[PDB]
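Structure record follows, encoded as structure tokens.
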Amino acid sequence: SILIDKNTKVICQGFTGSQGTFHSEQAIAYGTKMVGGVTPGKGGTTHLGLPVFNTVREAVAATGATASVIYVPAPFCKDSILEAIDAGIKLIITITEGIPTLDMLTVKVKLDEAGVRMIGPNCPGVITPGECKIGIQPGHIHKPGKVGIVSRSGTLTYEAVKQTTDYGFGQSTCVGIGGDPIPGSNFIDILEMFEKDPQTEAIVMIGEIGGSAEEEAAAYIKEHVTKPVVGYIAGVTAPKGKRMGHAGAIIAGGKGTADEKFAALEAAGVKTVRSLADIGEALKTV
Amino acid sequence: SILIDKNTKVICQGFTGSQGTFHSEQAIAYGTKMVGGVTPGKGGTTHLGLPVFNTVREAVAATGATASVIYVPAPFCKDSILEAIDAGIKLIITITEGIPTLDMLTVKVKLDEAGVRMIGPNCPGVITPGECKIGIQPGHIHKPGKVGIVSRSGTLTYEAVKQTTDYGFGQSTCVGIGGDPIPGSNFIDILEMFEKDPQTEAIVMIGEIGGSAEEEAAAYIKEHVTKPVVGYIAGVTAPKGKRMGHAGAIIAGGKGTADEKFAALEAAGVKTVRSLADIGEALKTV
Amino acid sequence: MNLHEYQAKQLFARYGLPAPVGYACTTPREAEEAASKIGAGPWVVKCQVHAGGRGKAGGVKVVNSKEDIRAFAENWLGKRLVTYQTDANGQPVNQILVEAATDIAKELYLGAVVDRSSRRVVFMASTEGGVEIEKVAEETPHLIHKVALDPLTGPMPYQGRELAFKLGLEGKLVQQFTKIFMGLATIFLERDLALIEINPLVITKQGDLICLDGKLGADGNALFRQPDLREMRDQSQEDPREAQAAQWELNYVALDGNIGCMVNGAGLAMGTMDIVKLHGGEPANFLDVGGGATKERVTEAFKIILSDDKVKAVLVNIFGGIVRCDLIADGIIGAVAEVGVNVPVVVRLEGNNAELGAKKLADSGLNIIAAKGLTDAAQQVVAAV
Amino acid sequence: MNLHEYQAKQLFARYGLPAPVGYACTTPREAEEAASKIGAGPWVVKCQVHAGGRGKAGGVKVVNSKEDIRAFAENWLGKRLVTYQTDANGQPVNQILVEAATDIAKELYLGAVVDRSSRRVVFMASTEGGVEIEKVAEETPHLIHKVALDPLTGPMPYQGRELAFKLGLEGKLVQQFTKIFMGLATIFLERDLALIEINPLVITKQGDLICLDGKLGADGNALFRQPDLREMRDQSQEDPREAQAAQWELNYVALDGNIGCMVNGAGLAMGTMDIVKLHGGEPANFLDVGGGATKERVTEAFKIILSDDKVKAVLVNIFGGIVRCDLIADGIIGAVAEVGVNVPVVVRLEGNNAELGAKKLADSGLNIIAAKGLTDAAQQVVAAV
Ligand SMILES: *SCCNC(=O)CCNC(=O)[C@H](O)C(C)(C)COP(=O)(O)OP(=O)(O)OC[C@H]1O[C@@H](n2cnc3c(N)ncnc32)[C@H](O)[C@@H]1OP(=O)(O)O
Ligand SMILES: *SCCNC(=O)CCNC(=O)[C@H](O)C(C)(C)COP(=O)(O)OP(=O)(O)OC[C@H]1O[C@@H](n2cnc3c(N)ncnc32)[C@H](O)[C@@H]1OP(=O)(O)O
Ligand SMILES: Nc1ncnc2c1ncn2[C@@H]1O[C@H](COP(=O)(O)OP(=O)(O)O)[C@@H](O)[C@H]1O
Ligand SMILES: Nc1ncnc2c1ncn2[C@@H]1O[C@H](COP(=O)(O)OP(=O)(O)O)[C@@H](O)[C@H]1O
Ligand SMILES: [Mg+2]
Ligand SMILES: [Mg+2]
């Protein structure tokens, strides 16, 4: 179990909005400890039976929450991923899609320098079966287990989740790091949190075209990962120089193809599965 | 005979250009008294055997010319129509098409205040058969006669010219006032020059949709035109709110249709011909 | 050239004129999100088409919830809207404007154009806001006040105050109205416009002036010196061929009849269409052949006239020009056999070699008729239908 | 989003970077007239398409007479140009740039992008001008120098000099090169750009630096705060459907195979296409269904996938989502109807009521196959071809 658990208290920014409401209502029912939300100009009211504040600080005082999930429109996202960091929140989850690349670029630098953690932005999600859920995903395909999963694609995770529920195994905790080109925490940052964790026996790493955090994770694995890893890369049929949905799923000037990622992920001592059907089948071999 | 004659000396601005050359070469063969041209930066040379100057003033000195024909690109037209006026030329003919409406609007005001005359802009033309030609038209369909013609369309003139050549009559002098919405001289200004002229026995006035100088001419005719007039209006089948080729041939908010022009041109005591085929036939009746 | 509502309001903002707060939107989601960046309800969602009378066609509604905004955007993006100012087809809605609802106290009309007649830029104001000025003009002309801009001095305050007064405003509503007058007047001269129409120019309950809708027209002849405007043209609102024809120096316009015309010169072009209507035919278009009938130019000219299935005959009519009337016939023939022309073609030439050119067409053996003069060519095409 | 050559040179002029003198032209005549406003010959005429390698495709010629310019414009306006960076179709030439010929002494390369790897904006310079940087990169990597913009301080003059020096410039050519560096760098951060590429950055015989060509890429995500740029997009260069699909929150891309895919989520979408290639089929496109498969959204999704004649089967694959897998089947059926789908459709559902939704499709009596899981649905469509 990593990142969160039944004891993690959470506040949500942009709590009074459509997606904010709908997705909180769910985390409320799965039993996540949502303690209240923030929406400037509406402080001093109640929403889903929880309290609503004007600032991220007013909240972190009155509740002592340590993680925040953001459902705020791109144009203002940078301003609240930052207000969070200032009121000293230690775990930031940002759903929002469409944040300007140069905004993230600046934001990341602050994120490291102040020692804070953000997962996302652009449809991420983090769930520890039975205990906690912050994200947009369906909770009934999961079963408390022993496998860890990191993935850029959100939906590809659902496929790998179910295969491991169906083969008994179970998931320790699931991390979707988001599709943008410059994420708040990448593979290596999450791969390490697993290794050092007991509840997790093996790892499923899901990547796709564009960039090189897949490659880099490889190198870091041969050298510092003791547990076993099963990997899957999406996007072989994909054309060059076109963006396939995800802001960061593009092959720029020949770098970051499907194949290299597989290749270099192999010579690292990982078991590559070429059809996301045999994911379960490959885990059986451990 | 009005505006010009075998004794009118002419200089052409934008004399060294494509259209400038081609069209001068013609006026030079029809025997028009072209005495030289102007092109900034090329003064001190010879072109079609005539002398080329740097400024319109250097020209008007060295030649004593009193009319200038302009073949200069829209973007700079206003600047030379103006330069002409300042070196005191008294008759300006501007072929150029595409001069910004607000440019003409200002230019017209100067043209009145200083007492100068401009015919055009946008494909006009002035020819007195046998004697003079400044314009782009073909000289062999004309025959020295007794009819005067004013028209907004250039090509419609050619039709009316030939009909009057074929019925013996002849043309005194032909004036095409141009198609733009704000011309340098309109119908009334030219209608008067005829009346006061001996060589011209009757008049053919050719108009078209858009504006109201046709209407106004009417009123001025009943009241101050003694000679007889045959009129033709083009554009009945024309749609509302679309510009038909000519910058000023457009029906804006229901004003200036084909019909009203005919109508109000009738009750003025003019003989309206509904098919530009019966133009000659109608002149026969005088 | 015409401009969109949102582009005008955007230009207004730069010169400091007041407009409501809003955002241009290309997707349901963007529109939906705009609600909160704006403020509290309600909001006005408007289709962005060049034509007017959107109001009476259900293209402008006031809504109250985030999802009513969505719903609206889904129902219009990607579809054509037909007002009483468009043709059976309508114009394509590609953007939704979502702006704040304004408290309306009284609707005025403010506008301006170039008066060919008096040769000045003229501004008109009226108490009759929210309606076709044209109606008020013929029906109640005494309710439309005007002032004319002096080209020696540019706009001046007193003119602004003057209208302001005939409109019966008083107090601060006058200073404001003058500000707007001097503003629009400036934009008019600076951006080389051909027309302006703020209708309705509203007076809020709170007692302020504010532009609720804008129609801007720019002078095509001046685009070379208005680069910013050059970029705002939206080809999707005009007939694709109109533009396709300009690339080849051809002035095209579609009507709805069965006989096509290809004539050289705008006067002769309108003249011809009229003489075809005169003998019972319906001209199907107006096409002016600009720079001499070269082989290629004529071709494209056909290519275009014939993209209309309703055509059943084509009338060519060339007089003068810069081409030997024989190379024109040469081109016409080539043009026909290469495009694959079905209908009957009636050429009418006049000028040089004009009578051998006619022969070259009668010998050709295709379906081409050399007409003897104007009144003939007329009846001949009218006949072949 | 991409920008045209002339638009980039226009932006360059605003920040004071040097570019040759030229004018954007939309008609033969306009181009022709430009010759003289420019100066004495010769002149360079260039097609304005988004892609590059126009040089080797005969899209950029140096000419010497007013009519050679005309000729060129008549030959390209209105036609598609195909370089080695476009597809069989090519991109439509709607404007010609006509600018002054520059005396070339030596061609350099200057460019910049966002390095996902080191997380910084990076500028690259090289002595190898006039050629694909990608080649020089894999073939002679020690010839491409770089510097990285610090996000705490913005660009700094020394960085500009360091490159300037590794390039072996000296004297005033350094000050100039630094000016350009600080400029492009500023434009990069201010207009929210994603990429820049001045190739070739020339050194005139007269010893001055000058930008001869520019490729600009803007960050789509930021258009809401770069209104000026929002206006410069030219839909005519991209696949019309791509845009037509965005209006309905659908991400589309055309490939060239025979099996269509409609999947929800970009990952699963790429995942699926790969598993169809795995069993001998050719995916014909990538289509991600954004906001839940409502009846309408699915329809348009088909409407689009099927506008391609090459398709001979469609593979739907929905997992999870915000819709009860039964209303999805309901919509799929209703979609197959309204559209008039002739090929075989293979649905694959997973989630709620997934059980009965499948039945509702087997009962429907159309050509629809409820597959049992992933590896099945695969073979089933691969089979029906
Ligand atoms: S990832 C799953 C699939 N989704 C996608 O691919 C699309 C992801 N969607 C987005 O990225 C949208 O940008 C999100 C952020 C989800 C927003 O959509 P909503 O429709 O929920 O947005 P609303 O406008 O309805 O609500 C937003 C609320 O946020 C408040 N707000 C503004 N500024 C702030 C700051 N700085 N801090 C906190 N809250 C803030 C708005 O006022 C609004 O609340 P209201 O109740 O509407 O006033
Ligand atoms: S009306 C008949 C049918 N025509 C139409 O419908 C189109 C009408 N054509 C036009 O309006 C063109 O704008 C005209 C003016 C005809 C010009 O076409 P050209 O091809 O002749 O233009 P060129 O560039 O070849 O020649 C123009 C010359 O003018 C000189 N020039 C510029 N500025 C001035 C001023 N202020 N005064 C005098 N001459 C001026 C240019 O230098 C050029 O001469 P070069 O020899 O080319 O240097
Ligand atoms: N921002 C707004 N706030 C309030 N009412 C508005 C607003 N915009 C438009 N309206 C109302 O809608 C009517 C029609 O809008 P308008 O923009 O004039 O569309 P159109 O001219 O195409 O009919 C206005 O006369 C006004 O009553
Ligand atoms: N203004 C100019 N003056 C001189 N040569 C030019 C000019 N513009 C382009 N060229 C020449 O044409 C070549 C290709 O032009 P470029 O604009 O780089 O097109 P592309 O990148 O699409 O191939 C240049 O490398 C240069 O030699
Ligand atoms: Mg209105
Ligand atoms: Mg290049």
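List the pairs from A:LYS242/D:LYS179; A:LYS78/A:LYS196; A:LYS42/C:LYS61; C:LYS46/C:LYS215 whose alpha-carbon separation is above 24 Å, in the order I gave them. Don't skip to the end; give the middle numbers.
Details: A:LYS242/D:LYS179 33 Å; A:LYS78/A:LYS196 32 Å; A:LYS42/C:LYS61 28 Å; C:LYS46/C:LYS215 14 Å.
Result: A:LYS242/D:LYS179; A:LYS78/A:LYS196; A:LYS42/C:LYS61 exceed 24 Å.
What FRET efficiency comes out for C:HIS279 versus C:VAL131 if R0 is 60 angstrom and r is the Cβ-Cβ distance? Round to the nearest 0.05. Mind dumping the intermediate values first?
Working: r = 42 Å, r/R0 = 0.69.
Computed FRET efficiency for C:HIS279 and C:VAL131 comes out at 0.90.
What distance in nm separates the simple spin-label points at B:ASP166 and A:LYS143, each placed 7 Å from Cα in the Cβ direction?
The two pseudo-label positions are separated by 9.8 nm.
What's the exposure ranking of D:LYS359, C:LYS46, going from fewest to most Cβ atoms within 10 Å?
Ordered from fewest to most neighbouring Cβ atoms within 10 Å, D:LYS359, C:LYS46 come out as D:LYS359, C:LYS46.
Starting at the first residue of region A:154-161, write each ³J(HN,Hα) from the Karplus equation 6.51 cos²θ - 1.76 cosθ + 1.60 with θ = phi - 60°, in whole Hz, x for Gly and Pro.
Karplus values, whole Hz, x for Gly and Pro: x, 4, 4, 5, 3, 5, 5, 5.
Give the distance, in whole Å, between the Cα centre of region C:282-361 and the Cα centre of region D:263-294.
Centre-to-centre (Cα) distance: 52 Å.
Could you check the simple spin-label distance between B:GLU223 and C:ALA105, using points 7 Å along Cα→Cβ, in nm with one decimal?
A separation of 4.6 nm, rounded to one decimal place.
Any idea what the relative contact order of region C:248-312 is, in percent, if you count C-alpha pairs under 8 Å spaced at least 6 apart?
After rounding, I find 45 percent.
Dipole magnitude of chain B about its Cα centre, charges +1 at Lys/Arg Cβ and -1 at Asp/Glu Cβ only, in debye to the nearest 20?
On the way: 26 positive and 29 negative charges, 77 e Å.
Roughly 380 debye, rounded to the nearest 20.
Give me the net charge of C:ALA354's neighbourhood, meaning all other residues with Cβ under 15 Å from the Cβ of C:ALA354; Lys, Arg count +1, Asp, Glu -1.
That works out to -1.
Arrange A:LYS146, A:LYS162 by Cβ neighbour counts within 10 Å, fewest through most, would you?
With the sparsest Cβ surroundings first, the list reads A:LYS146, A:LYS162.
Tell me, what is the Rg over Rh of the protein assembly as shown, with Rh the Kirkwood radius over Cα pairs?
Looking at the protein assembly as shown, the ratio lands at 1.02.
Taking region B:123-286, how much of its Cα-Cα pair set, in percent, is spaced more than 20 angstrom apart?
46
Can you classify region A:93-139 as rounded, prolate or oblate using the Cα gyration tensor, where a ≥ b ≥ c are the square roots of its eigenvalues, rounded means a/c under 1.5, and otherwise it's prolate if a/b beats b/c and oblate if not?
Since a/c reaches 1.5 but b/c is at least a/b, the shape of region A:93-139 is classed as oblate.
With 25 Å as the limit, write out which pairs from A:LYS255/D:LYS312; B:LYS110/B:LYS146; B:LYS33/B:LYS90 have Cα-Cα distances beyond it, or answer none.
Numbers: A:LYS255/D:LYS312 33 Å; B:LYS110/B:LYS146 34 Å; B:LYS33/B:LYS90 16 Å.
In this structure, A:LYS255/D:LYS312; B:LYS110/B:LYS146 lie more than 25 Å apart at Cα.
May I ask you to list the residues of region D:81-111 whose amide nitrogen lies under 15 Å from a point 7 Å from Cα along the Cα→beta-carbon direction of D:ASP208?
Output list for this probe position: D:100-105.
Using Cα springs under 10 Å in a Gaussian network model of chain D, which residue among D:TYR15, D:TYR109, D:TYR23 shows the largest mean-square fluctuation?
With Cα springs under 10 Å in chain D, the top fluctuation among D:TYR15, D:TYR109, D:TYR23 is at D:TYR15.
Using a Gaussian network for chain C with springs between C-alpha atoms less than 10 Å apart, which of these wobbles most: C:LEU268, C:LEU229, C:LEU193?
So, out of C:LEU268, C:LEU229, C:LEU193, the one fluctuating most is C:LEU268.
From the C-alpha coordinates alone, can you work out the Kirkwood hydrodynamic radius of region C:21-104, in Å?
Result for region C:21-104, one decimal place: 12.7 Å.
Under 12 Å from a point placed 7 Å out from the Cα of A:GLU216 along the Cα-to-Cβ direction: which residues of region D:78-121 have their backbone N that close?
Correct set: D:115-120.
Label B:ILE28 and C:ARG225 with points 7 Å out from Cα along Cα→Cβ: what is the distance between them in nm?
The modelled label-to-label distance comes out at 3.2 nm.
Using a Förster radius of 25 Å, what is the FRET efficiency between B:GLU260 and B:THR106 based on their Cβ-Cβ separation? Nearest 0.05, please. Walk me through the intermediate numbers first.
On the way: r = 30 Å, r/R0 = 1.19.
About 0.25, to the nearest 0.05.
Taking Cα pairs under 8 Å and at least six residues apart, what relative contact order does region C:240-385 come out at, in percent?
24
Based on the Cβ-Cβ distance of D:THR153 and D:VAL62, what FRET efficiency does E = 1/(1 + (r/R0)^6) give at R0 = 41 Å, to the nearest 0.05?
Plugging the Cβ-Cβ distance into 1/(1 + (r/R0)^6) gives 0.45.
Around D:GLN85, under 11 Å between beta carbons, what's the net of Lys plus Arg minus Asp minus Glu among the other residues?
For residues surrounding D:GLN85, the net value is +2.
At 0.36 nm per residue, minus the direct Cα-Cα distance, what do C:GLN85 and C:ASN342 gain on full extension? Give it in nm, one decimal, please.
So the extension gain works out to 89.0 nm.
At 222 nm, what value in deg cm²/dmol follows for the protein assembly as shown if DSSP H runs of at least 4 each add -39500 (n - 2.57) and the sum is divided by all its residues, to the nearest 500?
The per-residue figure over the protein assembly as shown is -10000 deg cm²/dmol.
Which net charge results for the neighbourhood of C:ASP256, defined as the other residues with beta-carbon distances under 12 angstrom from its beta-carbon, given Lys and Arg at +1 and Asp and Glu at -1?
Counting the neighbours of C:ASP256, the net charge comes to -3.
Quick check on the exposure proxy: order B:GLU195, A:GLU58 from fewest to most C-beta atoms within 10 angstrom. Can you show the working numbers first?
Values: B:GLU195 14, A:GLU58 17.
Fewest-to-most Cβ neighbours within 10 Å comes out as B:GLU195, A:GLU58.
How high is the relative contact order of chain C? Use alpha-carbon pairs under 8 Å, at least six apart in sequence, and give a whole percent.
12
Can you compute 3J(HN,Hα) from phi for each residue in region C:38-52, using the Karplus curve 6.51 cos²θ - 1.76 cosθ + 1.60 with θ = phi - 60°, rounded to whole Hz and x for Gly and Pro?
Each residue's phi maps through the Karplus curve to give 6, x, 7, x, x, 9, 10, 10, 10, 5, 10, 10, 5, 5, x Hz.
Neighbour counts are summed over all protein chains in view; Cβ atoms, including those assigned to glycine, are modelled from backbone coordinates with ideal geometry. Only the coordinates and a few stated rules stand behind these numbers; no lab work does.
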